[PDB]
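Below you'll find only one chain, the form deposited in one PDB entry, shown as structure tokens.
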């Protein structure tokens, strides 16, 4: 398909950069591209230059605040709070080396849920805040580890403008069997002051992302997760992510077994009747992490409504993250996509419009 921009934003022959996260700032009309650097989190800011309809990426910088002493930082999970304008960067912190506790108990949970916030459009960040105890509580010792995202988080359009952070945890349900992962959501109605841990979806679900859409008559949260099956796993919640209805397989969205691959999903105003449509990116190969494709769902989150994918990039492609960026030069919705490519040797930024990706719609 034709695109507005394709630029490698992170590069490393040593596969130093992985796990992309993208965040669009609507007022500034800029993007924040995060990635893990093999471990800390790095960032590149880029302003959408209207006159040239290109994002001008600035110099890479380390998010020095997004780290705990003696820990490795991973899984950048950003969010823009529309009510306050504050930016949240959730992330995971794990000890850099085996701890004394782990020496005695191999599966002891030593993973930390953290966050740093910014009130100046991501130019500077607050000291890190460990949210582990407040968000997970007593369930903490029941897991071997867990993670959030990777990729952008969600803010609902409810009265409270609730924050929903997608996540997954490896549950130590059997002392002999290896811990099995299950996706879920963290939910806050007060801009991160308090957190609730939602119930798990089906077992063996891993990196997931959530979006909010209108279906039937009200708004629901759709969770789209990586699986070890041949198709993606999806589930919807009518209570902001605290409880999900029965998980379902989305056969139209392929997953390459046995490992599967992380994928991204976002909602955006319908170009036309449903209020929102969904856009999702993930490799399209039946058993390899290759050929990144963009898929559209005009009647979300109905599994049967997903479109055939449009090829965004041929060849090796892995994790990705999407962000809507307002209206494009051609008048249709503008999108930004950050994805791993070329055997993890780089992270590429792609910017395109709905008209470019899905011509038939126009």
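Heads up, when I say rigid core I mean the largest set of C-alphas that superpose within 1.5 Å between the two forms. Numbering follows the first chain given and starts at 1. Residues that one form lacks are left out of the comparison.
A second form of this protein, the form deposited with a small molecule bound, is not displayed here; the remarks below concern that form.
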Discussion item. To test your reading of this chain, name the stretch in 188-196, 202-210, 245-253, 152-160 whose heavy atoms come within 4.5 Å of the small molecule in the bound PDB entry.
Written reply: 202-210
Discussion item. Check for me: heavy atom within 4.5 Å of the small molecule in the bound PDB entry, for each of 36, 75 and 344, yes or no.
Written reply: yes
Discussion item. Please tell me which of 112, 289, 71, 172 lies within 4.5 Å of the small molecule in the bound PDB entry, judged by heavy atoms.
Written reply: 289
Worksheet entry | the small molecule: the contacting residue among 23, 348, 19, 354 in the bound PDB entry [heavy atom, 4.5 Å] | 19
Worksheet item: So in the bound PDB entry, does residue 319 come within 4.5 Å of the small molecule, heavy atom to heavy atom?
Response: yes
Worksheet item: Counting only non-hydrogen atoms and a 4.5 angstroms cut-off, does residue 80 reach the small molecule in the bound PDB entry?
Response: no
Worksheet item: Does any heavy atom of residue 168 come within 4.5 Å of a heavy atom of the small molecule in the bound PDB entry?
Response: yes
Worksheet, complete the sentence: Output row for the residue 315-residue 14 CA distance, |change| of 3 angstroms or more in the bound PDB entry, reads farther
Discussion item. Given that the shift is 3 Å or more, do the Cα atoms of residue 15 and residue 231 end up closer or farther apart in the bound PDB entry than in this form?
Written reply: farther
Worksheet item: Which consecutive stretches of at least 3 residues differ between the shown form and the other one by 2 Å or more at every CA, rigid core held fixed, listed in sequence order?
Response: 13-15
